[PDB]
């Protein structure tokens, strides 16, 4: 076993639907399907895995409080990308109401944040063993990405932040080898005031990048750019007139560098670098509601160009309720790039609480200048009354 190196993502032809997690089907069926939020997909030591926080409950008679963000019962669990949480493939990982995880080629690296709001704590596990920690520095909900960390020759990196969820939230970048924090970088830059829930992908041998959430009125996502060799990072707002966050106003042309938006709030969304020159991102179809999930791409520098990001397609039924989304990269055994998949959360709720389905698209086929998407249908009308 060798450490995976950072490498570009594979370009391709079409985003196909590798699998979906139909949690809601098993909730309505009546099995012990667990309440999960916010699911995504991460490539781990066992292969591709669905990963999510959970609540140490399950249907058909779940306990109260499944809509809560943080609690003593919150959980980090993984299961098969075509399974459901609570089935045979389910693995419990750690205590957590915020998490990250990734696989460096030898072992799984895991961040588990829990504890009280005024002094929460990141516990780092490597190989199933607790190996290190990180302490709250703003004393106001230390928290992390809710998606994959990123790795290269034994160094994995992971964003954390801490601070008022309306005011400033000065983020930090951790660099971790065999579960030990070797370096902590404070992220400065014109898009650093409030950065959270970064979705990070390796872009090339020496660089990775993230698209984050700004929970302030700003609708332009902060972008974190990091370099492996120097272990350094910086943040800038996206300049493309295509606003990626939710809620947001209409797309419009504004001078680069500054924040833009009138609607407080935010949503975690995927960063999908394609090859060394292309940038894609997911955004909701609805400007205010978390409905739909469309893929937008440009070949230009989205930090420097107000040029709009073209729509490649609808990952999901555009009126279906969605939620978070993030990508992960999976090795391709016979060429120098990683397959990239994006997982979008499909939130639902009812008499059995808040919960989420998952859908996983992957970019496959020979490289194309402009790709297309297979739309995943989300239609619960034949069983929603049992949810």
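Residue numbers count along the first chain shown, from 1.
- Checked against the record, the higher mean CA B factor of 29 to 37 and 333 to 341 lies with 333 to 341.
- Stretch comparison (285 to 293 versus 142 to 150) by mean CA B-factor in the PDB entry places 285 to 293 on top.
- Per the PDB record, 167 has a higher Cα B-factor than any other of 269, 115, 81, 167.
- Each of 273, 127, 261, 86 has a CA temperature factor in the record; the biggest one is found at 261.
- Ranked by C-alpha B-factor against the other modelled residues of its chain, residue 66 falls in the highest third.
- Residue 219 sits in the highest third of its chain by CA B factor, as recorded in the PDB entry.
- When the modelled residues of the chain are ordered by C-alpha B-factor, residue 50 sits in the middle third.
- Ranked against the other modelled residues of its chain, the C-alpha B-factor of residue 358 as given in the entry falls in the lowest third.
- When the CA B factors of the chain's modelled residues are split into thirds, the value for residue 20 lands in the middle one.
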